[PDB]
Each structure stands twice: as C-alpha cells, then as structure tokens.
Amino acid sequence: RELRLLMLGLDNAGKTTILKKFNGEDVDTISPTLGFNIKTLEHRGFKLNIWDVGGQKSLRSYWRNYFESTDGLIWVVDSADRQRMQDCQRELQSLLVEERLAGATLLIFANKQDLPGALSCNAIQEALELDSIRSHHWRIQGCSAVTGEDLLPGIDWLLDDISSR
C-alpha cells in the first residue's frame, strides 16, 4: 500500500527545501508554505504521499487535521536556531502523545547542519528529550537541505522501519 509521511516542524526549519531537494527540484525560489505541499512519488518500490504542512504559528492548529493514517512523521529542526529549540521540543512532545499518531515512525531531521552554529545531533537529542520517547520508533539524522547531504539516509531508514510493521 501507499505510505503516508507527514512532515512538520516550526516555520523556517527547512521542510519545503528538504522535499524539493529530495525530488531533485530547484530550491532557490522557495517561499513560506501557507497551507500544505504534497508530493506523491515512488522511492525504492514504495509509493509515498509526503505532506509538508506549513509550520507558522497560525497554521499549527490545523496540523491535527492531517494526522489520520500517518505512517511516518518527519520532524524537521533548524539545528542553528537554538532560540526556538524549547518551543520545538514542546511541539514535538505534544505530537508524540497524540492518539491518531500512535505507532507512527519518527524521523528527526536536524537540518541546516551546513550552518556554523549548528548544534550536534547529540545536543538536539538532549534538547528535544528524544531518549524519553518510547511510544514511537525514532532516529535523529543530521542533514543539509541546501546541499542535500544525508537526506536519503534518513528517509531510507524511515521506510525500512515503517515497512517492518
């Protein structure tokens, strides 16, 4: 069957760039998403429906309207935005206790690793309290959406974990 991947995260985390970069499309004319961006494609034999939903404050209240039937959750973090790292943590943990997202595999993309002040994966692992997560399989993957570095390693793991369920 097709797999539904929901990609969320605070605004500016780089969700849209990751999606376009992943599909070999130009990522220089990317603007804020004021709704959703959905890509239906095939990767490694899997048919995927990837939902990149806008993360502006005003849009997060609608995130829950897209939880139903989500197989995988992709949480994108701006590794260099230490400021909103606390809000990022709260939003994520809020998602992890949602009933309509139970069992969904969690992929954390610590994005913008190409930036100078980018926190390490261990730092983000701690700042987001991932070790306490136990209702979901999860993996943190550092990456750069602009260069495209390490995007596949993250996605590929996510698909392998979901399929094993």
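Throughout, we count residues from 1 along the sequence that is shown.
Do the C-alpha atoms of 6-14 or of 19-27 have the higher average B factor in the entry? 19-27 has the higher mean C-alpha B-factor.
Regarding 117-125 and 64-72, which shows the higher C-alpha temperature factor on average in the entry? Stretch with the higher mean C-alpha B-factor: 117-125.
Of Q56, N49, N111, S132, which one's C-alpha B factor is largest in the deposited record? Most elevated C-alpha B-factor of the set, per the entry: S132.
Using only modelled residues of the chain, where does the Cα B factor of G35 rank: lowest third, middle third or highest third? According to the entry, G35 has a C-alpha B-factor in the chain's lowest third.
Can you work out whether the C-alpha temperature factor of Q141 puts it in the lowest, middle or highest third of the chain? Middle third of the chain for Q141's C-alpha B-factor.
Among modelled residues of the same chain, the CA temperature factor third for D156: Lowest third.
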